[PDB]
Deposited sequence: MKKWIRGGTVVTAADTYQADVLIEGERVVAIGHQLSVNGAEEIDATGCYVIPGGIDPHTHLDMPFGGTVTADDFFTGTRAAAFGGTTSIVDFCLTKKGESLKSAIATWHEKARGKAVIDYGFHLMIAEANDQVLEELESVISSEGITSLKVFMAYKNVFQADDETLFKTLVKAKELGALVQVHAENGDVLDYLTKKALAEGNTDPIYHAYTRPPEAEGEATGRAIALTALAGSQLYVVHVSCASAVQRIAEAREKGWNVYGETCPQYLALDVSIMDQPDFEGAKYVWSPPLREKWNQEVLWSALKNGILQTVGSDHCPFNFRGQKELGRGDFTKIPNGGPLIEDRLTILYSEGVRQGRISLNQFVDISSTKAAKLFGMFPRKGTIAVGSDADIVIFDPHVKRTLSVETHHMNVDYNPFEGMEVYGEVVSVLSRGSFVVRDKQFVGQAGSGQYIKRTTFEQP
């Protein structure tokens, strides 16, 4: 039993001062007036963050992401994130269960926090459609990802997208899409290389906002025609939110997600002398700064509901470096898993962009609800897992590769002044991080079976 006292509990809806009693792996009592004491005076007691978008230990050519399920979850913990949902990638001629078994082996005995899996659908043939019933019912995976981009690699066509959408409505699954028109980007990419435009900045220029807008709109119309439910991952521009906002007005089950990088960074940082811009190469690419306001406005008024990181790190030296000759050879992705919460609090709450309660809803609660992990995770209430973060809102610090915990040689926020510091982190009643010190253990984290889609 653990007794957190003196702190101010903050959830998606409430804000009060009281003690929370933990017994075993869960919260068993909350209130005022024989247990492990933990002082949380002057700090916020919030639900551990939930990052529904990660790519830990992901392969890419002959190299792999700098972080694996161990260093990745440890960094996630230090950042105040207690649960993650990683993307299990599949390959045509795909046996969904073999890919799934592959992912469990990646996490098994390494994760320090709880994790769930999303399942990529490369193609929707009779076989895949049949297997799908077992994955949703037995494997606890109720979210499927379809790529509308990355031609000749992962891209799926409208037939695959639509079939998946009706199947998901039938089985109670949530469909996620990476929305960028794969074909227009493929054409623009080759063209840029033919004209000798090989600098990292052309990565951004070869995939215009409208390409994300078009794809976002298409996926939504297909969702409507199928009467299903859709979740658009990493929305980066005004063009895409506009389409999402429109569908929401019509009462369609369409949800959206953003990431720290699109909220606090912009394309102008890609235009740098040497090969510096390669540090910010990820898809979708950073956009013009005006788009940040639109995203923040959408999060404030409920147009977008979640915030993930899309953590997919590669060192600048030794990995990002493969693309020196041309941007298409630069492995995509950034080290974003650790600073998601803090920038959300510092740039969002402290600057009056969103309320403290929304802060919790956007970084934990809503993701738990959309991906079937609630009320086990995503809140502080009797019966829920004791996944708690003791956050110090009065701390001022600078984000730096010098002090971060991700196993990568750089931080995309290098030098950014922020408010807020994660002090202690509990995962199912056990300390993973205590007083800024790591006390967890590899393999402590567990797989979470997710329930079917619920509005």
> So which bits of the deposited sequence did not make it into the model?
Replying inline: 1, 35 to 38, 461
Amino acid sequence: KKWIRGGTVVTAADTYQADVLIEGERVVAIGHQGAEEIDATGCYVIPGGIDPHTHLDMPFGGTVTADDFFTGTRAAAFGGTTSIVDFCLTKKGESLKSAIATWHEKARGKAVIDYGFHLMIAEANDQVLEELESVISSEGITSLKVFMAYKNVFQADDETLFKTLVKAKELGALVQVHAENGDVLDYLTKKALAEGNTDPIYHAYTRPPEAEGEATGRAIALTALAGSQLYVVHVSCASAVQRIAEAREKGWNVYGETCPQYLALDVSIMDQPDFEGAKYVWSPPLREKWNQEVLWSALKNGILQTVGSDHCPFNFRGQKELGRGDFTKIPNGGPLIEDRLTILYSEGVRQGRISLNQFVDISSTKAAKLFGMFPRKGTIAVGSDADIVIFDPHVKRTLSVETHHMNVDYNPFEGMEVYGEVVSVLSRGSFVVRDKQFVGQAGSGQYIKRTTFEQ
From here on, numbers count along this sequence of modelled residues.
> If you average the CA temperature factors over each stretch, which comes out higher, 10 to 18 or 435 to 443?
Replying inline: 435 to 443
>> Per the record, averaged over C-alpha atoms, which has the higher B-factor: 369 to 377 or 269 to 277?
In response: 269 to 277
> Taking the values straight from the PDB record, which of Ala247, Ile343, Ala75, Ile136 has the highest C-alpha temperature factor?
Replying inline: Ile136
> Whose CA atom has the top B-factor in the entry, of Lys145, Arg287, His311, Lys92?
Replying inline: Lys92
>> How does the C-alpha B factor of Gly213 compare with the rest of the chain: lowest, middle or highest third?
In response: lowest
> Is the Cα B-factor recorded for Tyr187 in the lowest, middle or highest third of its chain?
Replying inline: middle
> Ranked by Cα temperature factor within the chain, is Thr398 in the lowest third, the middle third or the highest third?
Replying inline: highest
> What third of its chain, lowest, middle or highest, does the C-alpha temperature factor of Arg428 fall into?
Replying inline: middle
> For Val418, does the deposited CA B-factor place it in the lowest, middle or highest third of the chain?
Replying inline: highest
